[PDB]
Student: 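Starting off with a structure, shown below.
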Amino acid sequence: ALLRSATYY
Amino acid sequence: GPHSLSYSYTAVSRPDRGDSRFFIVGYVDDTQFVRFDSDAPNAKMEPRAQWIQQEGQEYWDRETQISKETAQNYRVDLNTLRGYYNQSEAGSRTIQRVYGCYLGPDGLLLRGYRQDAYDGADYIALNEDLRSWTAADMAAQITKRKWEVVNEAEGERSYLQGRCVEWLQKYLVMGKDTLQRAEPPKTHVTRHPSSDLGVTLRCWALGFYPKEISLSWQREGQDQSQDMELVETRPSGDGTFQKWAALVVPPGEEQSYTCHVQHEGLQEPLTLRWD
Amino acid sequence: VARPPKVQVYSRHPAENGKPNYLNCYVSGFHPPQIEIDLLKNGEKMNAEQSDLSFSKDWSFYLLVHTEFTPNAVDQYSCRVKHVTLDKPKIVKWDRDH
(Lines give C-alpha, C1' and ligand atoms only; values in the text may rest on other atoms or scores of the structure.)
Protein backbone atom coordinates (compact mmCIF):
# COMPACT_ATOMS: atom_id res chain seq x y z
CA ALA A 1 0.00 0.00 0.00
CA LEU A 2 1.12 3.54 -0.85
CA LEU A 3 2.56 6.12 1.49
CA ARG A 4 0.10 9.02 1.59
CA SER A 5 2.27 12.14 1.75
CA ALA A 6 1.46 15.20 -0.28
CA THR A 7 4.73 17.07 -0.06
CA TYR A 8 6.06 19.79 -2.32
CA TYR A 9 9.69 20.00 -3.44
CA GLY B 1 17.45 -12.50 1.48
CA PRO B 2 15.07 -10.27 3.48
CA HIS B 3 11.80 -9.36 1.76
CA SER B 4 11.06 -5.81 0.62
CA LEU B 5 8.09 -3.73 -0.50
CA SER B 6 9.01 -0.80 -2.73
CA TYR B 7 7.40 1.78 -5.00
CA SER B 8 8.92 3.59 -7.97
CA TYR B 9 7.51 6.98 -9.03
CA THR B 10 8.32 8.54 -12.41
CA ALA B 11 7.15 12.07 -13.20
CA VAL B 12 7.81 13.49 -16.66
CA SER B 13 6.93 17.02 -17.78
CA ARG B 14 5.39 17.85 -21.15
CA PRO B 15 5.51 21.68 -21.55
CA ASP B 16 4.43 21.35 -25.19
CA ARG B 17 1.25 19.48 -24.25
CA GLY B 18 1.11 21.62 -21.10
CA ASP B 19 0.68 18.62 -18.81
CA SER B 20 2.79 15.89 -17.25
CA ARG B 21 2.72 12.13 -16.91
CA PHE B 22 2.96 10.13 -13.69
CA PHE B 23 3.87 6.42 -13.36
CA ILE B 24 3.89 4.15 -10.33
CA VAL B 25 5.06 0.56 -10.07
CA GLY B 26 4.86 -1.45 -6.88
CA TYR B 27 7.20 -4.34 -6.18
CA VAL B 28 7.49 -7.06 -3.59
CA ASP B 29 11.10 -8.16 -4.04
CA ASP B 30 11.64 -8.77 -7.78
CA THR B 31 7.90 -9.09 -8.45
CA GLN B 32 5.73 -6.29 -9.84
CA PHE B 33 2.19 -6.34 -8.46
CA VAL B 34 0.57 -2.94 -9.09
CA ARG B 35 0.85 -0.03 -11.50
CA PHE B 36 -0.55 3.42 -12.17
CA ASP B 37 -0.26 5.56 -15.29
CA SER B 38 -1.94 8.98 -15.29
CA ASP B 39 -2.06 8.86 -19.10
CA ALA B 40 -4.32 5.79 -19.01
CA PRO B 41 -8.04 6.03 -19.88
CA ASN B 42 -9.63 6.83 -16.49
CA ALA B 43 -6.34 5.93 -14.82
CA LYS B 44 -6.36 3.86 -11.63
CA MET B 45 -4.09 1.64 -9.57
CA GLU B 46 -4.36 -1.81 -11.22
CA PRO B 47 -3.24 -5.33 -10.19
CA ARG B 48 -0.28 -6.84 -12.06
CA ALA B 49 0.16 -10.02 -10.05
CA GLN B 50 -2.52 -12.68 -9.74
CA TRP B 51 -2.33 -12.76 -5.93
CA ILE B 52 -3.15 -9.08 -5.34
CA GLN B 53 -6.36 -9.39 -7.40
CA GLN B 54 -8.35 -10.62 -4.38
CA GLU B 55 -8.26 -7.12 -2.85
CA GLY B 56 -11.54 -5.28 -2.37
CA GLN B 57 -12.60 -2.09 -4.15
CA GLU B 58 -11.82 -0.28 -0.90
CA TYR B 59 -8.12 -1.05 -1.41
CA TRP B 60 -8.22 -0.01 -5.06
CA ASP B 61 -10.17 3.22 -4.44
CA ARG B 62 -7.63 4.25 -1.80
CA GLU B 63 -4.49 3.52 -3.83
CA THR B 64 -6.09 5.16 -6.86
CA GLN B 65 -6.91 8.25 -4.79
CA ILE B 66 -3.34 8.48 -3.44
CA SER B 67 -1.89 7.98 -6.92
CA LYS B 68 -3.83 10.92 -8.41
CA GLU B 69 -3.11 13.26 -5.49
CA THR B 70 0.58 12.39 -5.84
CA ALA B 71 0.48 12.83 -9.63
CA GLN B 72 -1.08 16.24 -9.06
CA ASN B 73 1.64 17.34 -6.67
CA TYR B 74 4.33 16.20 -9.10
CA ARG B 75 2.90 18.41 -11.86
CA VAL B 76 4.00 21.43 -9.79
CA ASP B 77 7.12 19.74 -8.35
CA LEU B 78 8.33 19.29 -11.93
CA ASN B 79 7.88 23.05 -12.42
CA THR B 80 9.49 23.85 -9.06
CA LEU B 81 12.72 21.91 -9.75
CA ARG B 82 12.82 23.60 -13.15
CA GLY B 83 12.85 26.92 -11.27
CA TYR B 84 15.53 25.78 -8.82
CA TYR B 85 17.85 25.03 -11.76
CA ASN B 86 16.96 28.14 -13.76
CA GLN B 87 16.06 25.81 -16.64
CA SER B 88 14.07 26.81 -19.69
CA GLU B 89 10.47 25.69 -20.11
CA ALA B 90 10.96 24.12 -23.53
CA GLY B 91 12.15 20.58 -22.83
CA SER B 92 10.67 17.53 -21.13
CA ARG B 93 12.22 16.82 -17.70
CA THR B 94 11.97 13.94 -15.22
CA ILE B 95 11.78 13.34 -11.45
CA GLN B 96 12.14 9.82 -10.09
CA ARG B 97 11.55 8.42 -6.63
CA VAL B 98 12.06 5.06 -4.91
CA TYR B 99 11.05 4.23 -1.36
CA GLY B 100 10.66 0.97 0.51
CA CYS B 101 10.97 -1.23 3.57
CA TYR B 102 12.98 -4.37 4.25
CA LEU B 103 11.29 -6.88 6.57
CA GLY B 104 13.29 -8.01 9.60
CA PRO B 105 13.24 -11.43 11.31
CA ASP B 106 11.28 -9.95 14.23
CA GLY B 107 8.48 -8.83 11.90
CA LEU B 108 9.64 -5.24 12.30
CA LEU B 109 11.49 -2.79 10.04
CA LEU B 110 14.96 -4.01 9.05
CA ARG B 111 15.71 -1.00 6.85
CA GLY B 112 13.63 1.75 5.28
CA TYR B 113 14.82 3.93 2.44
CA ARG B 114 13.92 6.69 0.03
CA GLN B 115 15.88 8.32 -2.79
CA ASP B 116 14.84 10.92 -5.34
CA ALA B 117 16.47 11.80 -8.67
CA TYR B 118 16.16 14.71 -11.09
CA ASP B 119 16.93 14.11 -14.78
CA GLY B 120 18.73 10.85 -14.00
CA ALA B 121 20.93 12.41 -11.31
CA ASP B 122 20.70 11.99 -7.53
CA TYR B 123 18.72 14.82 -5.93
CA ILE B 124 17.93 13.99 -2.31
CA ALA B 125 17.80 10.92 -0.06
CA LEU B 126 16.47 9.94 3.36
CA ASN B 127 19.22 8.84 5.76
CA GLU B 128 19.32 5.43 7.48
CA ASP B 129 18.18 7.04 10.73
CA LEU B 130 14.95 8.06 8.95
CA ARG B 131 15.15 11.43 10.71
CA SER B 132 17.31 13.52 8.39
CA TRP B 133 18.09 14.06 4.70
CA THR B 134 21.13 14.27 2.44
CA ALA B 135 20.90 16.76 -0.43
CA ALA B 136 23.16 16.38 -3.47
CA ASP B 137 23.23 20.10 -4.35
CA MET B 138 21.94 23.68 -3.88
CA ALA B 139 18.51 23.01 -5.33
CA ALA B 140 18.03 19.94 -3.16
CA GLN B 141 19.00 21.93 -0.05
CA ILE B 142 15.96 24.14 -0.67
CA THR B 143 13.78 21.02 -0.86
CA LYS B 144 15.55 19.58 2.17
CA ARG B 145 14.95 22.72 4.23
CA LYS B 146 11.21 22.62 3.43
CA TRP B 147 10.97 18.95 4.42
CA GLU B 148 12.77 19.76 7.66
CA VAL B 149 10.41 22.65 8.42
CA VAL B 150 7.26 20.52 8.10
CA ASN B 151 8.94 17.35 9.43
CA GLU B 152 8.50 15.17 6.36
CA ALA B 153 10.85 12.49 7.75
CA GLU B 154 8.43 11.59 10.56
CA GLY B 155 5.68 10.84 8.04
CA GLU B 156 8.15 8.65 6.16
CA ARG B 157 9.47 6.94 9.32
CA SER B 158 5.97 6.27 10.66
CA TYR B 159 5.02 4.71 7.30
CA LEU B 160 8.16 2.58 6.98
CA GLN B 161 8.11 1.28 10.58
CA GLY B 162 4.37 0.65 10.51
CA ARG B 163 2.16 0.45 7.44
CA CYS B 164 4.90 -0.50 4.96
CA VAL B 165 6.10 -3.62 6.79
CA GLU B 166 2.56 -4.70 7.77
CA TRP B 167 1.26 -4.65 4.18
CA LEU B 168 4.46 -6.38 3.04
CA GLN B 169 3.71 -9.22 5.49
CA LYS B 170 0.17 -9.43 4.08
CA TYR B 171 1.53 -9.51 0.51
CA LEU B 172 3.98 -12.24 1.52
CA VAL B 173 1.01 -14.36 2.56
CA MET B 174 -1.28 -13.47 -0.37
CA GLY B 175 1.36 -14.54 -2.89
CA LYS B 176 3.27 -17.10 -0.83
CA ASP B 177 3.41 -19.78 -3.54
CA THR B 178 5.33 -17.42 -5.81
CA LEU B 179 7.00 -14.79 -3.58
CA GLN B 180 8.16 -17.15 -0.83
CA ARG B 181 9.21 -20.32 -2.63
CA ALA B 182 12.32 -20.39 -4.80
CA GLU B 183 12.05 -21.48 -8.45
CA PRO B 184 15.17 -23.28 -9.77
CA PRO B 185 16.45 -22.71 -13.31
CA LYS B 186 15.78 -25.20 -16.07
CA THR B 187 19.30 -25.69 -17.40
CA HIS B 188 21.12 -27.08 -20.46
CA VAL B 189 24.18 -26.58 -22.69
CA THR B 190 24.22 -25.82 -26.42
CA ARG B 191 27.13 -25.96 -28.89
CA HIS B 192 27.77 -23.60 -31.81
CA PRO B 193 30.59 -24.03 -34.39
CA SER B 194 32.39 -21.15 -36.14
CA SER B 195 35.96 -21.35 -37.41
CA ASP B 196 38.31 -24.33 -37.52
CA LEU B 197 39.83 -23.17 -34.24
CA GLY B 198 36.72 -22.48 -32.16
CA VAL B 199 33.38 -23.78 -30.94
CA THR B 200 31.09 -21.68 -28.72
CA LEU B 201 29.63 -23.45 -25.69
CA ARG B 202 26.62 -21.77 -24.09
CA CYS B 203 25.13 -22.64 -20.68
CA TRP B 204 21.43 -21.84 -20.21
CA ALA B 205 19.40 -21.12 -17.09
CA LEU B 206 15.70 -20.46 -17.69
CA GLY B 207 12.59 -19.59 -15.71
CA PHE B 208 14.28 -18.93 -12.37
CA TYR B 209 13.09 -16.83 -9.41
CA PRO B 210 14.53 -14.97 -7.54
CA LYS B 211 16.80 -12.98 -9.85
CA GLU B 212 20.08 -13.75 -8.08
CA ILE B 213 21.93 -16.56 -9.86
CA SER B 214 25.51 -17.72 -10.41
CA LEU B 215 26.71 -19.00 -13.79
CA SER B 216 30.38 -19.93 -14.22
CA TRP B 217 32.48 -22.04 -16.58
CA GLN B 218 35.42 -24.11 -15.33
CA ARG B 219 38.09 -25.95 -17.31
CA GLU B 220 39.26 -28.93 -15.22
CA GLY B 221 38.55 -27.01 -12.02
CA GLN B 222 40.19 -23.81 -13.27
CA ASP B 223 38.02 -20.69 -13.64
CA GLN B 224 37.41 -19.42 -17.18
CA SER B 225 35.65 -16.15 -16.21
CA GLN B 226 38.47 -14.37 -18.06
CA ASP B 227 36.95 -15.20 -21.46
CA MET B 228 33.35 -16.09 -20.60
CA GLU B 229 30.61 -14.04 -22.27
CA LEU B 230 27.86 -13.55 -19.69
CA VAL B 231 24.52 -11.90 -20.54
CA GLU B 232 22.63 -9.52 -18.32
CA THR B 233 19.84 -11.35 -16.49
CA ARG B 234 16.54 -10.89 -18.34
CA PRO B 235 12.82 -11.45 -17.57
CA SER B 236 11.01 -14.44 -19.08
CA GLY B 237 7.80 -12.42 -19.27
CA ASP B 238 5.97 -14.51 -16.69
CA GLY B 239 7.56 -13.38 -13.42
CA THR B 240 10.76 -15.41 -13.82
CA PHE B 241 14.18 -14.82 -15.33
CA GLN B 242 16.79 -16.01 -17.83
CA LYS B 243 20.58 -15.89 -18.05
CA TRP B 244 23.25 -17.58 -20.13
CA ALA B 245 27.04 -17.95 -19.98
CA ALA B 246 29.22 -18.90 -22.95
CA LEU B 247 32.87 -19.29 -24.03
CA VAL B 248 34.86 -20.54 -27.03
CA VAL B 249 36.71 -23.87 -26.79
CA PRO B 250 38.88 -25.88 -29.25
CA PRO B 251 36.63 -28.25 -31.30
CA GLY B 252 37.44 -31.37 -29.25
CA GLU B 253 37.76 -30.13 -25.68
CA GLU B 254 33.97 -29.82 -25.07
CA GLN B 255 34.19 -32.34 -22.21
CA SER B 256 37.08 -30.48 -20.53
CA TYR B 257 34.76 -27.55 -19.82
CA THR B 258 31.94 -27.40 -17.26
CA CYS B 259 29.19 -24.87 -16.48
CA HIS B 260 28.44 -24.21 -12.80
CA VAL B 261 25.00 -23.06 -11.66
CA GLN B 262 24.06 -21.87 -8.21
CA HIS B 263 20.53 -20.72 -7.39
CA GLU B 264 18.57 -20.96 -4.13
CA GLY B 265 15.84 -23.02 -5.78
CA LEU B 266 18.42 -25.74 -6.40
CA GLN B 267 19.00 -28.10 -3.45
CA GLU B 268 22.61 -28.64 -4.47
CA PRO B 269 24.86 -26.60 -6.77
CA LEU B 270 24.87 -27.95 -10.32
CA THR B 271 27.49 -29.08 -12.81
CA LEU B 272 26.36 -29.44 -16.41
CA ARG B 273 28.25 -30.56 -19.49
CA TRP B 274 27.55 -30.98 -23.20
CA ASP B 275 26.27 -34.34 -24.48
CA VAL C 1 21.95 13.06 -18.87
CA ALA C 2 20.98 10.68 -21.67
CA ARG C 3 21.51 6.92 -21.94
CA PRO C 4 21.00 4.63 -24.98
CA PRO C 5 18.92 1.49 -24.51
CA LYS C 6 20.53 -1.91 -24.32
CA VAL C 7 18.45 -4.34 -26.40
CA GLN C 8 18.08 -8.10 -25.87
CA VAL C 9 15.92 -10.17 -28.24
CA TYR C 10 14.96 -13.73 -27.31
CA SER C 11 12.13 -16.21 -26.71
CA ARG C 12 10.56 -17.06 -23.34
CA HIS C 13 11.07 -20.76 -23.97
CA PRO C 14 13.64 -22.51 -26.19
CA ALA C 15 12.56 -21.97 -29.81
CA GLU C 16 10.87 -25.12 -31.11
CA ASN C 17 9.28 -25.03 -34.59
CA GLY C 18 5.47 -25.11 -34.53
CA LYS C 19 5.16 -24.98 -30.74
CA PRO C 20 3.78 -21.52 -29.79
CA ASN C 21 6.10 -19.28 -27.77
CA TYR C 22 6.80 -15.71 -26.64
CA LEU C 23 8.99 -13.23 -28.50
CA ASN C 24 10.64 -10.83 -26.05
CA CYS C 25 12.32 -7.51 -26.70
CA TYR C 26 13.88 -6.42 -23.39
CA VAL C 27 14.89 -2.77 -23.57
CA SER C 28 16.94 -1.47 -20.60
CA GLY C 29 19.57 0.96 -19.32
CA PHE C 30 17.97 3.98 -21.01
CA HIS C 31 17.11 7.58 -20.10
CA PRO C 32 14.84 9.67 -20.61
CA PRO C 33 11.83 7.27 -20.54
CA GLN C 34 10.23 8.29 -23.85
CA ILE C 35 10.78 5.34 -26.18
CA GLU C 36 9.27 3.57 -29.22
CA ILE C 37 9.37 -0.23 -29.62
CA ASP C 38 8.16 -2.38 -32.51
CA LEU C 39 8.38 -6.13 -32.99
CA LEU C 40 8.86 -7.22 -36.60
CA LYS C 41 8.11 -10.35 -38.64
CA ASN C 42 9.96 -10.45 -41.97
CA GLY C 43 10.05 -6.65 -41.68
CA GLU C 44 6.53 -5.66 -40.63
CA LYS C 45 5.09 -4.24 -37.38
CA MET C 46 2.72 -6.39 -35.30
CA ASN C 47 0.37 -6.02 -32.33
CA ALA C 48 2.48 -6.28 -29.17
CA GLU C 49 1.92 -5.60 -25.50
CA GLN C 50 4.43 -4.51 -22.83
CA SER C 51 5.15 -4.51 -19.08
CA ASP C 52 5.12 -1.29 -17.06
CA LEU C 53 7.95 1.24 -17.13
CA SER C 54 10.31 0.79 -14.19
CA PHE C 55 13.85 1.83 -13.35
CA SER C 56 16.98 0.29 -11.81
CA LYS C 57 19.05 1.66 -8.92
CA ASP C 58 21.12 3.73 -11.37
CA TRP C 59 17.83 5.42 -12.41
CA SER C 60 17.86 4.00 -15.95
CA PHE C 61 14.57 2.67 -17.32
CA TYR C 62 13.61 -0.84 -18.45
CA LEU C 63 10.60 -2.64 -19.95
CA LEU C 64 9.68 -5.82 -21.81
CA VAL C 65 7.86 -5.64 -25.13
CA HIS C 66 6.48 -9.06 -26.04
CA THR C 67 4.02 -10.90 -28.28
CA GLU C 68 2.79 -14.48 -28.56
CA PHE C 69 4.29 -16.08 -31.64
CA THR C 70 4.89 -19.43 -33.33
CA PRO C 71 8.46 -20.27 -34.41
CA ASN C 72 9.38 -22.08 -37.62
CA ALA C 73 12.28 -22.29 -40.08
CA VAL C 74 10.83 -19.70 -42.46
CA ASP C 75 9.83 -16.65 -40.42
CA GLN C 76 12.45 -14.06 -39.45
CA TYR C 77 11.73 -11.94 -36.35
CA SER C 78 13.33 -8.80 -34.89
CA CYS C 79 12.88 -5.71 -32.74
CA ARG C 80 12.97 -2.06 -33.80
CA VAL C 81 13.66 0.60 -31.18
CA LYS C 82 13.88 4.38 -31.34
CA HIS C 83 15.02 6.77 -28.61
CA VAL C 84 16.19 10.40 -28.52
CA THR C 85 19.66 8.88 -28.18
CA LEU C 86 19.64 7.18 -31.61
CA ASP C 87 20.56 8.70 -34.99
CA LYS C 88 18.33 6.16 -36.73
CA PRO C 89 16.18 3.37 -35.27
CA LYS C 90 18.09 0.34 -33.98
CA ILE C 91 17.06 -2.99 -35.46
CA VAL C 92 18.01 -6.20 -33.64
CA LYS C 93 17.22 -9.50 -35.33
CA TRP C 94 16.12 -12.43 -33.18
CA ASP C 95 18.71 -15.21 -32.79
CA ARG C 96 17.36 -18.43 -31.25
CA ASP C 97 20.82 -19.52 -30.03
CA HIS C 98 22.11 -15.97 -29.30
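The figures that follow rest on heavy atoms only: side chains count, while hydrogens, waters and symmetry mates do not. Chain naming here is simple, since letters A, B, ... match the order of the sequence lines and numbering starts at 1 in each.
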Student: Is B/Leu81 close to B/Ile95 at the side-chain level, that is, under 4.5 Å between some pair of heavy atoms?
Tutor: yes

Student: In terms of ring plane angle, is the pair B/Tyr85 and B/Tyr118 parallel, tilted or perpendicular, where the classes change at 30° and 60°?
Tutor: parallel

Student: Not counting sequence neighbours, list each pair that qualifies as a disulfide bond (SG atoms under 2.5 Å apart) and has a residue in residues 13-55 of chain B.
Tutor: none

Student: Less than 6.0 Å separating the ring centroids of B/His3 and B/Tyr102?
Tutor: no

Student: Any salt bridge between B/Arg48 and C/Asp52, counting N to O under 4.0 Å?
Tutor: yes

Student: Taking the side chain as C-beta and beyond, is there a heavy-atom pair between B/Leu172 and B/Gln180 under 4.5 Å?
Tutor: yes

Student: Only one of B/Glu69, B/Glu63, B/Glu156 forms a salt bridge (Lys or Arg N to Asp or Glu O under 4.0 Å) with A/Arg4, so which one is it?
Tutor: B/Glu69

Student: For the ring pair B/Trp167 and B/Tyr59, is the centre-to-centre distance below 6.0 Å?
Tutor: yes

Student: Knowing that exactly one of C/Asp38, C/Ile91, C/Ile37 qualifies, which makes a side chain to side chain contact (heavy atoms under 4.5 Å, CB included) with C/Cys79?
Tutor: C/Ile37

Student: Run the side chain to side chain donor-acceptor pair (under 3.5 Å) test on B/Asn79 and B/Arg93 for me, step by step, so that the C-alpha distance in whole Å, both residues' side-chain angles and the decisive distance to 0.1 Å come before the verdict.
Tutor: CA-CA 9 Å; B/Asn79 191 70; B/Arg93 306 263 180 198; over 6 Å; no

Student: Can you list everything that forms a side chain to side chain contact (heavy atoms under 4.5 Å, CB included) with B/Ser214? Sequence neighbours excluded, please.
Tutor: B/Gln262

Student: Going by heavy atoms in the side chains, are C/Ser11 and C/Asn24 under 4.5 Å from each other?
Tutor: no

Student: Do B/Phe22 and B/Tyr9 have ring centres separated by under 6.0 Å?
Tutor: yes

Student: To the nearest 0.5 Å, how far apart are OG1 in B/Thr31 and CD1 in B/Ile52?
Tutor: 12.0 Å

Student: Might you point out which heavy atoms bring C/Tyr26 and B/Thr233 nearest each other, and give the distance in Å?
Tutor: CE2-O, 4.2 Å

Student: Locate the shortest heavy-atom distance separating B/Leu247 from B/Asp227; write the atom from each residue and the value.
Tutor: CB-O, 3.6 Å

Student: Got a salt bridge between B/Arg21 and B/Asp37, using NZ or NE/NH1/NH2 to carboxylate O under 4.0 Å?
Tutor: yes

Student: Give me the ring orientation class for C/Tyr77 and C/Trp94: parallel if the planes are under 30° apart, tilted from 30 to 60°, perpendicular past 60°.
Tutor: perpendicular

Student: For B/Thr10 and B/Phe23, indicate whether the former's side chain and the latter's backbone hold a donor-acceptor pair under 3.5 Å.
Tutor: no

Student: CG of B/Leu201 to SG of B/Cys259: how many Å apart, nearest 0.5 Å?
Tutor: 9.0 Å

Student: Are B/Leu5 and B/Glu166 packed together at the side-chain level, in the sense that at least one heavy-atom pair is separated by less than 4.5 angstrom?
Tutor: no

Student: Give a yes or no on whether the ring-centroid distance for C/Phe30 and C/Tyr62 is below 6.0 angstrom.
Tutor: no

Student: Are C/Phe69 and C/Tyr22, when compared by the centres of their aromatic rings, separated by less than 6.0 Å?
Tutor: no

Student: Can you check whether B/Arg234 reaches B/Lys243 side chain to side chain, under 4.5 Å on heavy atoms?
Tutor: no

Student: Tell me every residue that passes salt bridge (charged side-chain N to carboxylate O under 4.0 Å, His left out) with B/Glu55, counting only those two or more places apart in sequence or in another chain.
Tutor: B/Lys170

Student: Is there a side chain to side chain donor-acceptor pair (under 3.5 Å) between A/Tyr9 and B/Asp116 once you walk through the steps?
Tutor: CA-CA 11 Å; A/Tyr9 288 64; B/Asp116 295 29; 2.4 Å; yes

Student: In plain terms, say whether B/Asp275 and B/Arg273 are close enough for a salt bridge, that is, a side-chain N and a carboxylate O under 4.0 Å apart.
Tutor: no

Student: So do B/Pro185 and B/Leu206 actually touch side chain to side chain, heavy atoms under 4.5 Å?
Tutor: no

Student: Check for a donor-acceptor pair, side chain of C/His83 on one end and backbone N or O of C/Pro32 on the other, with a separation under 3.5 Å.
Tutor: yes

Student: Has C/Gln8 got a side-chain atom pairing as donor or acceptor with B/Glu232's backbone, closer than 3.5 angstrom?
Tutor: yes

Student: Is the distance between the ring centroids of B/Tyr257 and B/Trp274 less than 6.0 Å?
Tutor: no

Student: Where the side chain of B/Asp77 meets the backbone of B/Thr80, is there a donor-acceptor pair that is under 3.5 Å apart?
Tutor: no

Student: Would you check if C/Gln76 and C/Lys41 make a side-chain contact, meaning some heavy-atom pair closer than 4.5 Å?
Tutor: no

Student: Looking at B/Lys211 and B/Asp30, is there a salt bridge between them, counting it only when a charged N and a carboxylate O are closer than 4.0 Å?
Tutor: no

Student: Do B/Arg114's NZ or CZ and the ring of B/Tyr99 fall within the cation-pi criteria of under 6.0 Å and 45°?
Tutor: no

Student: For the pair B/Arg219 and B/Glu253, find out whether any cationic side-chain nitrogen is under 4.0 Å from an anionic carboxylate oxygen.
Tutor: no

Student: Could you pull out the closest heavy-atom pair between B/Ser13 and B/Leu78, with the gap in Å?
Tutor: N-CD1, 3.4 Å

Student: Counting C-beta onward and ignoring hydrogens, is there a side-chain heavy-atom pair between C/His98 and B/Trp244 closer than 4.5 Å?
Tutor: yes

